Structure formats: structure tokens, C-alpha cells
Amino acid sequence: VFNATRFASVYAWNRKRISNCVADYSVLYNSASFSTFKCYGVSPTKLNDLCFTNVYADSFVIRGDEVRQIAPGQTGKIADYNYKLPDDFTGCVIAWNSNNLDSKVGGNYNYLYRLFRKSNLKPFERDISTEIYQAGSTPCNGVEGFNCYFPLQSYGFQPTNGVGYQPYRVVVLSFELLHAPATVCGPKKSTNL
Amino acid sequence: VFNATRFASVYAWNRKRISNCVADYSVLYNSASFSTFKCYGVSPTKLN
Amino acid sequence: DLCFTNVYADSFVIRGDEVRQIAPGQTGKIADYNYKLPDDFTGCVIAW
Amino acid sequence: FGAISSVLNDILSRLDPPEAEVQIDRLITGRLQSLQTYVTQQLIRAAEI
Amino acid sequence: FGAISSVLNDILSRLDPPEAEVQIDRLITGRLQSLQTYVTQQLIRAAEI
């Protein structure tokens, strides 16, 4: 999850569902490698003792200037077109800079994000379609024309850029809790009955 | 301010103040004869 | 305009990333290991 | 009543006190209002009886 | 009632669903309390009649 070579774009976000294992969130908490570690429905100190149904790791990379929008209830371009979190969210956000990992002076133009969209997306929705967006009242066809644009747009990722403009790898945990036979918890011994 | 007969040069750029009226930005946005239309603080749909 | 019984000034130096750790109810290894502030704190924090 | 659950135990086992107080106050307000309404109606029915 | 407006639409047409629940909660509490008072008065008066 964390020590992968390269994360995907924000609109092509990597979703992994983890189940049937023993987790230790303490060492996850006890590393300072993550610049920001913030949960919304559970306090992290309790997180050694909760048993969940099955967990979701959603991973991508963004620009660091957008990490304010990763909170639930936020708005903005990333928050309203390509990535949305629901307001009943029970989980955590984790972010770190990866300026020394995937930031290239030649330019990481691999990382696109959706810049235009017809209407705002559902929570937990992933869009992949790349049809061109018309900005003016004039309809357009083909691939290009006046006031009609490709919705996708790249970052200028080079390490010589300023603060925030370095890439930041972002992983979101979205466990669901206390409605099912739970599966994933606990470095905790069970006593006798 | 758009269809005037002549403008001045850039060292003596003309400044004109317009207020207290009705401004419609659709008719100037859709006219594609202009070389560029680059709005910065406001999205071009949000002008109207 | 207020008057007080006893004043206590606590001083140290920290890493500049750790300023958010000083607030009551915040969590992190500085606030968890070598300086803990109670949640019903009254006073003022200064950092530079 | 707007809290994350209607059980005290899962809230206290889920959250640390500085937010548990915020939820627990709303739960307390709702239950207290219910008690108040119940005993008011009991007083009136007792008067009729 | 400590909310921003007494027009429910104007709160809905200006404040976002991440925060509008706080104002409309106040409106709920105030109007519910008024119903409590009105029907308690009606019950006492009806017993008298």
C-alpha cells in the first residue's frame, strides 16, 4: 500500500479492498513519514481495538496545495469533479510529500487531473472518460475547435517548484464498521470464556 | 469601448469606467472573432 | 484588565513542524511523550 | 438525535473524551426532554384520575 | 432562534450542506419547543373546561 513504486492519477485512483488479515494501526500511527494523518469518525488511539467489515485503501498522487480539499465537506476542482468524499465518512486521510521519490526535473506529465466536467460527481465515483468539453454555447465535434477543450490537464511536476507544488502521495482508508461479521482487527489476545 | 474607431497605444493605454447599467457577457463571450478571451478571477460562465 | 494570582511561563525550543502539537487535545509523539497540556487549559501560547 | 449512534458504549469505545462530550451532550438533551414530556402527561392524567 | 435566517429556503440557497444542518437544527429545536408549550397549555385548559 505505502511503499509502492508509483501511484496513479487522481481521476484514475487505485482502489484496493483488504480483508481477512490482522492489522496493527499503532506502527502506522507511530511513523512520522506521513506528513498528515487525520481521521474523522474514530480517534486514532482507539484504533487498536475496533473490528471492521472490510477496508478500502484508495491511493493516488496529487499536488500538495490540494490536501486541504481532501477533507469531507470541502469544495473545489479536485473536490467537485474527479474525487468526492461523502459527508458520513468513517475513515482517515494520510498524505506525504514525495518530492524525492517521483518528482522529475524533466517533468512528471504522467499525472493528469480532470479540469472540466459537465456536472459534479457522486461520492466514491471514478470517472475515466475523456471526451472533449465545450466551454461556449457553440457545440463542437471532432477533437478540437474554438471554446471547446479537452477536460484533462497535467501538473508541472519538477522538484525545483515551490512549496506544495511537489507531488504528495495520498492514501485514504474507508473502513465500514459495526454492521456485519467483522473480519480485520486486533493484535489482542482473547481470554478464556 | 470595443467598436470604437481608434485606440491609443500601450504607453498611454485608455482607461474607461463603466458602472450603473446592465452588462451582458454572453454576447461578447460567444463572438469568436476575438484573438483571445482570458478571464482570471471569475469563470466565464459565472460572469452572467 | 484582569488580575491574577500566580503566573507560570514554560519555555523550550522545538522543531518548527511541531507547533500544532502544543494545542490541548492534539496528539503526536511530542504531545504524547515529553510535554502534555491538559484539555481545560487557560493561558496563551507563543511561538517564533 | 444527530450523534453517530444511539448507544453510549460504542461511542466511548470509539472516541476519546473531547468529542465524546460533544455527542453525549446532544444525547443527554434528547433523553431529558423525553422524560420531561412523559412526566408532564403523567401529572395531567393523575389530576383527571 | 440563533440561526442565520428564519426563511428556510434562504439558508438552503446560501449555506452548504456540510454546514447547513447546524442552522436548521436550531430551527427544529425552536419550533418543536413552541409546539410543546402550545399543547401543554391546551391540555390544561381542556381539563378545566
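All Cβ positions, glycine included, derive from the backbone under ideal geometry; neighbour counts span all protein chains shown. Computed from the coordinates by the stated procedures, all read-outs in this text should not be read as laboratory data.
Please report the relative contact order for region A:120-182, taking Cα pairs under 8 Å with a sequence separation of at least 6, and give it as a percent rounded to a whole number.
21 percent
Provide the FRET efficiency to the nearest 0.05 for the residue B:2-residue A:138 pair, computing r from the beta carbons and using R0 = 30 Å.
For residue B:2 and residue A:138, the calculated efficiency is 0.95.
Convert each backbone phi in region A:51-58 into a coupling constant with the Karplus relation 6.51 cos²θ - 1.76 cosθ + 1.60 (shift: θ = phi - 60°), then list the ³J(HN,Hα) values in order as whole Hz, x for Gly and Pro.
Per residue, the Karplus-derived 3J(HN,Hα) values read 10, 10, 5, 7, 10, 10, 9, 10 Hz.
Go ahead and estimate [θ] at 222 nm for chain A from helices alone: -39,500 (n - 2.57) per DSSP H run with n ≥ 4, summed, over the residue count, rounded to 500.
-1000 deg cm²/dmol
Work out the length of the dipole vector of region A:3-55 about its Cα centre, built from +1 on the beta-carbon of each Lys and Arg and -1 on the beta-carbon of each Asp and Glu, and round it to the nearest 20 debye.
260 debye
Around residue E:19, what is the net charge, scoring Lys/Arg as +1 and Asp/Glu as -1 over all other residues with Cβ under 14 Å from its Cβ?
-2
Using DSSP to call loops (not H, G, I, E or B), can you name the chymotrypsin sites (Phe, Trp or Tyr not before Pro) in region B:1-45 whose Cβ has at most 11 other Cβ atoms within 10 angstrom?
When the chymotrypsin sites (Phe, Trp or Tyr not before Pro) of region B:1-45 are filtered for loop state and at most 11 Cβ neighbours within 10 Å, B:2, B:7, B:11, B:13, B:34, B:40 remain.
Using the basic label-point model (7 angstrom from Cα toward the beta carbon), what is the residue C:42 to residue C:23 distance in nanometres?
So the label points at residue C:42 and residue C:23 sit 2.1 nm apart.
List the GluC sites (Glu not before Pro) within region A:77-179 that fall in a DSSP loop (any state other than H, G, I, E or B) and whose Cβ has at most 10 other Cβ atoms within 10 Å.
A:125, A:131, A:144
Distance from the Cα centre of region A:70-138 to that of region A:1-51, in angstrom?
Comparing the Cα centres of region A:70-138 and region A:1-51, I get a distance of 20 Å.
Looking at chain A, which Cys residues are left with no other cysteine's beta carbon under 4.7 Å from theirs?
Within chain A, the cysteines lacking a partner Cβ under 4.7 Å are A:21.
Between 0 and 90 degrees, rounded to the nearest ten: what's the tilt of helix E:20-48 against the longest Cα principal axis of chain E?
It is inclined by approximately 10 degrees.
Given a Förster radius of 35 Å and the C-beta distance between residue E:41 and residue D:13 as r, what FRET efficiency does 1/(1 + (r/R0)^6) yield to the nearest 0.05?
0.20
For chain B, restrict the atom set to alpha-carbon positions and state the Rg and Dmax in Å.
12.9, 32
Label-point separation (nm) for residue A:116 and residue E:34, each offset 7 Å from Cα along Cα-to-Cβ?
The two pseudo-label positions are separated by 4.9 nm.
I'd like to know which of C:41, C:23, C:12 lies farthest towards the positive end of the charge dipole of chain C, counting +1 on Cβ of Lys and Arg and -1 on Cβ of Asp and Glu.
So the residue we want is C:12.
Report the far tail of the P(r) of region A:50-193, meaning the percent of Cα-Cα pairs longer than 21 Å.
Cα-Cα pairs in region A:50-193 separated by more than 21 Å: 57 percent.
Given a Förster distance of 22 angstrom, what is the FRET efficiency for residue E:24 paired with residue D:26, based on the Cβ-Cβ distance and rounded to 0.05?
Once the sixth-power term is evaluated, E becomes 0.90.
Using the structure shown, list the pairs from A:77/B:16; A:104/B:38; A:46/C:29; A:16/A:118; A:77/B:46; A:16/A:188 with a Cα-Cα distance above 23 Å, or answer none.
Among A:77/B:16; A:104/B:38; A:46/C:29; A:16/A:118; A:77/B:46; A:16/A:188, the Cα-Cα distance tops 23 Å for A:77/B:16; A:104/B:38; A:16/A:118; A:16/A:188.
Across 10 Å bins from 0, what is the distribution of all Cα-Cα pair distances for chain E, in whole percents?
25, 36, 19, 15, 5
Mind checking which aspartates and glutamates have their Cα closer than 18 Å to the Cα of residue A:189? Skip sequence neighbours fewer than 8 apart in that chain.
Filter leaves A:24, A:49.
Given contacts defined as C-alpha pairs under 8 Å and at least six residues apart, what's the relative contact order of chain A, whole-number percent?
35 percent
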